[PDB]
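Here Cβ is always computed from backbone atoms with ideal geometry, including for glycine, and neighbour counts include all displayed protein chains. Values in this text are rule-based calculations from the coordinates and carry no lab data.
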Amino acid sequence: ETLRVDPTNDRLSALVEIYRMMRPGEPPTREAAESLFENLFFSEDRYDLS
Amino acid sequence: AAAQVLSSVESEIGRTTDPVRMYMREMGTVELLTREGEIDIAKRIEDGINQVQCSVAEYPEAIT
C-alpha cells in the first residue's frame, strides 16, 4: 500500500522529496540531496549511537 | 532556461521564510564567466566615462 501512495520512483526522486521536506524551497541540486540523506544517518561525526 | 529552473523550485517553496534560501536560489541561477568576461564589462566602464568627457570638451557651458 505504501508503494502506491508514494508516486516517487528512483533513488534520486526519493532523495529529492527527502531534501524537499527537510529544506522546502531550496533547489534540489543532486549532490546536495545525496549529501543531506547520507550525512543524516550515515555521517560518523554527526551520528553516533554508541 | 535558467529562469525555468528557478520557477520550478519556486513552485515547491514551502513558505521557507529563511532569506538565506531565497538569495541562494537567485544567485544559483546566475552563472559566472571568468577571465575575459570580467574585463569585457570593465571596458564598458571606461568608454562610458570618456563619453561624457567628450561632451565636456565639445559643450559651451562645460568648459565655462
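Condition check for residue B:3 on (1) of a type outside the set (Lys, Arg); (2) out of contact with any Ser or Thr (no Cβ under 8 Å at 6 or more places or on another chain); (3) more than 11 Å from chain A (Cβ to nearest Cβ): one failure, at (2). Find all pairs meeting these conditions: Cβ atoms under 8 angstrom apart; at least six residues apart or on different chains; first residue within segment A:24-39 and more than 10 Å from chain B (Cβ to nearest Cβ) and under 17 Å from residue B:27 (Cβ atoms); second residue surrounded by 14 or more Cβ atoms within 10 Å (Cβ to Cβ) and hydroxyl-bearing (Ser, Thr, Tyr). Final answer for the pair search is A:32/A:19.
Residue-wise test of (1) free of Cβ contacts under 8 Å to residues at least 24 places away in the same chain; (2) aliphatic (A, V, I, L, M).
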position	(1), (2)
B:2	no, yes
B:11	yes, no
B:17	yes, no
B:22	yes, yes
B:43	yes, no
B:50	yes, no
B:62	yes, yes
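When residues of chain A are filtered for being farther than 23 Å from residue B:15 by Cβ, of a type in the set (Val, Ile, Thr) and either in contact with a helix residue (DSSP H, G or I) (Cβ under 9 Å, 6 or more places away or on another chain) or surrounded by 15 or more Cβ atoms within 10 Å (Cβ to Cβ) (or both), how many remain? Here the count works out to 0. Given the structure, is residue B:15 out of contact with any helix residue (DSSP H, G or I) (no Cβ under 6 Å at 6 or more places or on another chain) and at positive phi? Yes. Listed conditions (1) under 30 Å from residue A:21 (Cβ atoms); (2) in contact with a helix residue (DSSP H, G or I) (Cβ under 7 Å, 6 or more places away or on another chain) are all met by residue B:62, apart from (1). Among the residues of segment B:1-28, the ones that are within 18 Å of residue A:16 (Cβ to Cβ) and not basic (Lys, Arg) come to 14 in all. Of the residues making up segment B:1-42, those that are surrounded by 10 or more Cβ atoms within 10 Å (Cβ to Cβ) and among the basic types (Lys, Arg) are B:21, B:25.
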